[PDB]
Structure formats: structure tokens, C-alpha cells
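Since the structure comes first, as C-alpha cells, the remarks are kept for the end.
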Amino acid sequence: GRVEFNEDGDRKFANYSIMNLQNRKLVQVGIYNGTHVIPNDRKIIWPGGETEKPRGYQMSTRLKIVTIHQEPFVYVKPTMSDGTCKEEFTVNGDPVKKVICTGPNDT
Amino acid sequence: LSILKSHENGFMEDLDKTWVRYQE
Amino acid sequence: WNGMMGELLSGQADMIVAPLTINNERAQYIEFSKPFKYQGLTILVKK
Amino acid sequence: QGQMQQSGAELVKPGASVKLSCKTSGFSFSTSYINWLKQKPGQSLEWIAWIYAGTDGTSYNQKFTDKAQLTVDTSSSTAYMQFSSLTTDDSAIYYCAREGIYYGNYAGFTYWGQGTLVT
Amino acid sequence: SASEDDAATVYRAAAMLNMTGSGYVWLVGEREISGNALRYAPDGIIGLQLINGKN
Amino acid sequence: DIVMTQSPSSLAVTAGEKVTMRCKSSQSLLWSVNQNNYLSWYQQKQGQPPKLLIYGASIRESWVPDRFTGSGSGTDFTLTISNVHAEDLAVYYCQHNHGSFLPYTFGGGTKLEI
């Protein structure tokens with residue numbers, strides 16, 4: 001086709017093919033145009049489950065929160081006996097919901 | 001969205017009753 | 001950086017919940033939500 | 001239609017080496033798979049090795065991994081099998097065949113050479 | 001994007017570590033699926049081809 | 001190597017009759033994910049390269065007449081000819097095509113006589 005050297009002196013608009021490992025026999029599954037990708041009718045079989053694209057971006061349900069010693073918002077108290085917080089009740093009859101926090105003693 | 005939904009109703013007033021509103 | 005931003009950018013933290021002062025340097029490096037506090041600056045004096 | 005032509009008959013002394021040729025034509029030489037099979041007279045064919053011309057990927061039978069070597073020439077689209085340390089057990093007919101693949105799924109050997117007898 | 005020795009090594013190490021399950025995105029170049037590297041290639045991988053790069 | 005068992009070893013019939021040839025693999029050639037049998041039937045005549053007859057243990061080639069009928073699944077397979085002709089006289093081999101079950105192996109073979 002057209003031969004054209006870029007500022008790097010290299011050929012552009014090269015045609016690339018896409019192959020897939022289907023039981024260890026290569027199968028043509030797509031092509032790459034000069035600037036476009038044209039998949040064929042062959043199925044996209046993946047190592048895992050569906051032929052659809054697996055969203056390989058994991059998530060988490062355990063957040064590691066950091067906070068600082070703020071006098072009216074974040075109070076610090078040593079545990080009573082072992083990792084336990086004294087269940088003090090407010091003047092309104094509402095128990096104080098505490099949380100087990102791990103931090104250094106001093107600077 | 002949760003922060004806004006907390007600001008809209010009386011939740012902030014309740015938290016102030018717990019710590020902010022109270023005087024010593 | 002250091003402190004809360006130093007820990008958060010190091011990956012050891014995930015979400016800073018604290019009286020965080022919203023300014024221009026922080027908005028470039030990390031994200032915020034709607035502020036939950038409304039106040040300014042003043043001076044503490046003794047009487 | 002694709003054609004695979006093999007080399008002529010060979011008389012090789014025991015312990016010596018032979019290198020057989022298999023010219024291929026009529027199909028995409030680079031994007032197909034070629035297999036060498038050992039067939040003694042009156043016996044079924046024994047798979048020796050397969051090679052992919054597009055990537056030079058080679059895989060031999062364990063019985064022939066240390067005995068046979070495969071090479072290809074893209075300019076001539078000709079397959080090569082070099083059999084070394086030949087013994088009287090190697091007195092047999094060697095065949096080269098092109099794999100038939102449909103819809104990306106291999107369906108068997110669809111093309112064959114004429115066969116070559118090594119004595 | 002590496003040599004075939006490195007490709008086979010990392011395929012072997014990943015197969016030992018079982019990282020070929022569902023959700024994994026695999027994408028390799030042309031140099032990575034030839035020679036003995038193709039031998040250790042986990043199934044379901046995607047490869048590219050240089051058209052008429054050898055004729 | 002998966003052991004391919006072919007039965008009968010040979011048979012002789014008159015023209016117009018119906019014959020049956022069985023193929024048994026030592027292992028299941030069916031892959032569960034796609035539910036396809038990696039079995040191929042072939043027709044091999046004297047002095048000629050073998051001609052691919054039936055693949056997948058059930059699908060005839062385009063050149064294969066409807067008289068040929070391949071059946072069986074899993075480990076056991078069968079090749080059946082409803083109307084036997086003189087031209088069909090050949091030695092028929094069943095061979096596995098399962099890539100995960102390398103190397104490719106062949107059965108003992110069945111010789112057709114008229």
C-alpha cells in the first residue's frame with residue numbers, strides 16, 4: 001500500500017491482526033486498521049468466564065481510615081482492661097458509641 | 001449525596017446536641 | 001508531603017475523615033465532597 | 001488447491017543424518033501449521049512434531065525430541081525435517097501434512113504430501 | 001513486552017501462582033508468543049500479528 | 001496417549017447392505033465447556049493420502065455422501081454406512097483432535113471388504 005516515512009523514518013498505516021489462544025491453537029479474532037480496530041465474527045474466548053469484557057478493576061469493602069487527635073471531635077482514651085471501652089451513657093440516655101483505635105502513645 | 005442528605009434533615013442538629021450545642 | 005496527605009498518598013490510608021481544611025493545594029492532589037462544617041478563623045484570648 | 005511436495009527416497013547409512021524437504025503451495029504458508037508423521041509400512045502413522053511458520057514455534061514428540069529438528073524457509077514456503085542418528089528403526093515412510101482449521105477450530109489434516117521412504 | 005525466556009519464566013511463575021482466573025486482562029506483543037514461550041502460554045490470551053512481515 | 005479402540009477390526013459385506021464400525025477412546029473426548037467431541041473419522045484407500053470423512057463424531061464433510069453416518073459421544077463412537085458401495089472399500093481410522101490431550105493417536109483401524 002502507501003509507503004510513507006514519518007519524522008522517525010518509519011512506515012505508517014501498518015495492518016495488524018488479532019489472534020486468540022483457543023485451546024492452544026491460534027485463531028484470528030480481529031484486525032487493526034491504520035487507526036481503527038475491526039473485530040471479526042470469531043468469538044472472544046477468555047481464560048475465565050464470559051466472552052464479554054471482564055471488568056478487571058477490583059474493588060474493596062474494607063477501608064483503612066486515618067484521623068487525627070481533634071479535641072472536640074476525636075477523643076482519646078486508653079482501654080479499661082484489654083481492648084475494651086467503658087460503656088458510658090450520655091445525660092440523654094444514649095450510650096456513647098466508641099471505636100477501637102490504634103495509635104502511638106506520644107511523639 | 002449522603003453528606004447532603006445528612007445536612008438536609010435534622011441529623012446535624014442532633015449531632016450538635018451531642019457535642020457542638022452543649023455548653024459547660 | 002507528610003501528615004494526613006503524606007499517609008493517604010502513600011496508600012497506607014484510604015479516606016481521610018477529619019476537620020479537613022479545604023484549600024487549593026489539596027484539591028489538585030486529592031478529591032473532596034461537600035463540606036460538613038461552616039466556620040472561619042478567629043483568635044483565642046484569656047480573661 | 002494447496003499442494004505439498006516431499007523429497008525423494010533416501011538411502012542413509014545407520015547413524016548418519018537425513019534432512020527431508022516438503023515444499024508447500026496453494027495456501028497461506030505463514031498462517032498454517034505443518035506436521036511431520038512417521039509411518040512404517042503396514043503400520044499407522046506416528047506423529048513426530050508440529051511447527052508454526054508465523055512464529056517458529058516448535059513442538060516435538062518426546063520419542064523424537066532429541067532425534068528430529070524442524071526448519072522452514074518463508075521465501076520458498078518449504079518445510080524441513082532433519083532426522084539425525086538414523087537407525088534401522090527409521091526405515092519408514094515420512095509424510096508432511098497441512099492442518100485444516102475451520103472457524104478458527106482445527107478439524108483435522110486436510111492436505112497431504114506424496115510420502116517419502118527413508119532406507 | 002520482553003524476551004521469550006522472560007515470557008516463559010513469567011508464564012510459569014504465574015501458572016504456579018494461579019493468576020489465570022476470571023477477570024484477568026491479558027495482552028502481549030508478537031515477540032512474546034513464539035518459541036518455547038508459546039509452550040507455556042495460558043489459554044485465552046490475545047496476540048497480535050505483523051501482516052506480510054516475513055515474505 | 002488416549003487409547004483409541006476400533007471395532008470391528010475388519011468386515012466383508014455385500015453391496016447395498018448396512019454396516020457399523022465403532023470407535024472407543026480410553027478417555028472422554030468431550031470438553032464440557034463447549035460440549036464438543038474431539039473425534040474425527042477418516043477414509044484411507046490404498047496408495048492415497050487419507051481423506052477426512054467425519055469430524056466431531058457426527059459431522060460429515062462436504063464431499064461425504066449422506067449414506068455415511070457417524071454417531072457416539074464421550075468415549076464411545078460409531079461410524080455407520082446405511083448403503084454400502086464398492087467405492088467405500090477402504091481402511092477407516094478414528095483419531096482424536098483434543099489439543100489438551102496431546103499427542104494425537106489413532107485407533108487400530110477397520111478394513112472394509114466387499
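Following the order of the C-alpha cells, chains are lettered A, B, ..., residues in each are numbered from 1, and ligands are numbered from 1.
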* May I ask you to extract the residues of chain F within 9 Å of chain A, using only C-alpha atoms, and to give them as a PyMOL selection string? => chain F and resi 98-100
Pull N, CA and C atoms from the residues just selected and write them as a PDB file, in the first residue's frame.
```
ATOM      1  N   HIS F  98      -8.261 -33.537  20.310  1.00  0.00           N
ATOM      2  CA  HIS F  98      -8.275 -32.729  21.524  1.00  0.00           C
ATOM      3  C   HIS F  98      -6.870 -32.193  21.778  1.00  0.00           C
ATOM      4  N   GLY F  99      -6.708 -30.875  21.667  1.00  0.00           N
ATOM      5  CA  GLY F  99      -5.408 -30.262  21.880  1.00  0.00           C
ATOM      6  C   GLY F  99      -4.856 -30.461  23.273  1.00  0.00           C
ATOM      7  N   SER F 100      -5.717 -30.464  24.288  1.00  0.00           N
ATOM      8  CA  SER F 100      -5.267 -30.701  25.652  1.00  0.00           C
ATOM      9  C   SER F 100      -4.885 -32.152  25.902  1.00  0.00           C
TER      10      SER F 100
END
```
* Asked: Neighbours of range 62-68 of chain A within 12 Å (only C-alpha atoms; same-chain residues fewer than 6 positions away dropped), as a VMD selection string?
  -> (chain A and resid 74 to 76 101 to 104) or (chain C and resid 3 to 9 11 to 20)
* To do: Fewer than 5 positions away in the same chain doesn't count, so skip those; otherwise give me all residues within 12 Å of range 10-12 of chain B, counting only C-alpha atoms, as an NGL selection string.
  => (:B and (2-5 or 17-21)) or (:C and (36-38))
Output N, CA, C and O atoms for every residue in that selection, as a compact mmCIF listing (two decimals), in the first residue's frame.
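File out.txt, as written:
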```txt
# COMPACT_ATOMS: atom_id res chain seq x y z
N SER B 2 -24.78 11.34 50.30
CA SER B 2 -25.08 11.04 51.69
C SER B 2 -24.81 12.24 52.58
O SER B 2 -25.59 12.53 53.50
N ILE B 3 -23.70 12.96 52.34
CA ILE B 3 -23.41 14.15 53.14
C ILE B 3 -24.51 15.18 52.97
O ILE B 3 -24.98 15.78 53.95
N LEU B 4 -24.97 15.39 51.74
CA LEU B 4 -26.05 16.34 51.50
C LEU B 4 -27.34 15.88 52.18
O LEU B 4 -28.05 16.70 52.77
N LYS B 5 -27.66 14.59 52.10
CA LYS B 5 -28.87 14.09 52.73
C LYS B 5 -28.79 14.19 54.25
O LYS B 5 -29.82 14.31 54.92
N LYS B 17 -26.45 18.67 69.23
CA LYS B 17 -26.93 18.38 70.58
C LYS B 17 -25.96 17.46 71.31
O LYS B 17 -25.73 17.64 72.51
N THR B 18 -25.40 16.49 70.60
CA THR B 18 -24.44 15.59 71.24
C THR B 18 -23.17 16.34 71.65
O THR B 18 -22.73 16.24 72.80
N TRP B 19 -22.57 17.08 70.72
CA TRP B 19 -21.28 17.66 71.07
C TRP B 19 -21.17 19.17 70.86
O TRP B 19 -20.59 19.85 71.71
N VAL B 20 -21.72 19.70 69.78
CA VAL B 20 -21.48 21.10 69.44
C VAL B 20 -22.35 22.03 70.29
O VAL B 20 -21.85 22.99 70.88
N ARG B 21 -23.65 21.76 70.35
CA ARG B 21 -24.57 22.68 71.01
C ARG B 21 -24.30 22.78 72.51
O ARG B 21 -24.47 23.86 73.09
N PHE C 36 -18.88 19.44 55.48
CA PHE C 36 -19.88 19.25 56.53
C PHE C 36 -19.82 20.31 57.62
O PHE C 36 -20.61 20.24 58.57
N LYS C 37 -18.91 21.27 57.51
CA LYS C 37 -18.74 22.32 58.51
C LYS C 37 -18.80 23.69 57.85
O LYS C 37 -18.48 23.84 56.67
N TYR C 38 -19.20 24.70 58.63
CA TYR C 38 -19.25 26.09 58.16
C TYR C 38 -18.67 26.98 59.26
O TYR C 38 -19.32 27.20 60.28
```
* To do: Counting only C-alpha atoms, collect the residues of chain A whose closest atom lies at most 9 Å from chain B, and write them out as number ranges by chain.
  => A: 72-73, 90
* To do: Identify every residue of chain A that has at least one atom within 10 Å of any atom of chain E, counting only C-alpha atoms, and report the result as a VMD selection string.
  => chain A and resid 14 to 32 44 to 50 53 to 58
* To do: Write out as JSON, numbers by chain every residue belonging to chain D that has an atom at most 8 Å from any atom of chain F, counting only C-alpha atoms.
  => {"D": [44, 46, 47, 61, 106, 107, 108, 109, 110, 112, 113, 114]}
* May I have all residues of chain D that DSSP, computed from the backbone, assigns to strand (DSSP E or B), given as a ChimeraX atom specification? => /D:3-6,10,18-25,33-39,45-52,58-60,68-73,78-83,92-102,105-112,116-118
Residue neighbourhood residue 85 in chain D, 6 Å, only C-alpha atoms, exclusion window fewer than 5 positions, as a PDB file with N, CA, C and O atoms, in the first residue's frame:
```
ATOM      1  N   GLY D  15      23.233 -44.475  11.725  1.00  0.00           N
ATOM      2  CA  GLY D  15      23.951 -43.477  12.485  1.00  0.00           C
ATOM      3  C   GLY D  15      24.142 -42.150  11.785  1.00  0.00           C
ATOM      4  O   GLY D  15      24.552 -41.180  12.435  1.00  0.00           O
ATOM      5  N   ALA D  16      23.862 -42.070  10.487  1.00  0.00           N
ATOM      6  CA  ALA D  16      24.004 -40.826   9.750  1.00  0.00           C
ATOM      7  C   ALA D  16      22.721 -40.003   9.854  1.00  0.00           C
ATOM      8  O   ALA D  16      21.753 -40.385  10.515  1.00  0.00           O
ATOM      9  N   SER D  17      22.715 -38.850   9.188  1.00  0.00           N
ATOM     10  CA  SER D  17      21.609 -37.910   9.259  1.00  0.00           C
ATOM     11  C   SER D  17      20.999 -37.700   7.879  1.00  0.00           C
ATOM     12  O   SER D  17      21.684 -37.755   6.854  1.00  0.00           O
TER      13      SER D  17
END
```
* To do: Within chain C, find each residue whose DSSP state, derived from the backbone, is helix (DSSP H, G or I), and express the selection as number ranges by chain.
  => C: 3-9, 24-29
Next, the residues of the selection above should be written as an mmCIF file, in the first residue's frame with C-alpha atoms.
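Below is the file that was written, result.cif:
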```cif
data_model
loop_
_atom_site.group_PDB
_atom_site.id
_atom_site.type_symbol
_atom_site.label_atom_id
_atom_site.label_comp_id
_atom_site.auth_asym_id
_atom_site.auth_seq_id
_atom_site.Cartn_x
_atom_site.Cartn_y
_atom_site.Cartn_z
ATOM 1 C CA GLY C 3 0.818 14.162 57.720
ATOM 2 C CA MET C 4 -2.612 13.070 56.537
ATOM 3 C CA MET C 5 -1.828 13.767 52.878
ATOM 4 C CA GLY C 6 1.553 12.072 53.241
ATOM 5 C CA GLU C 7 -0.119 8.915 54.541
ATOM 6 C CA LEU C 8 -3.048 8.991 52.104
ATOM 7 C CA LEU C 9 -0.844 9.344 49.018
ATOM 8 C CA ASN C 24 -6.300 24.994 46.667
ATOM 9 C CA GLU C 25 -3.264 22.725 47.094
ATOM 10 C CA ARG C 26 -5.359 19.807 48.363
ATOM 11 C CA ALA C 27 -7.958 19.992 45.576
ATOM 12 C CA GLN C 28 -5.225 19.456 42.966
ATOM 13 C CA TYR C 29 -3.755 16.338 44.626
#
```
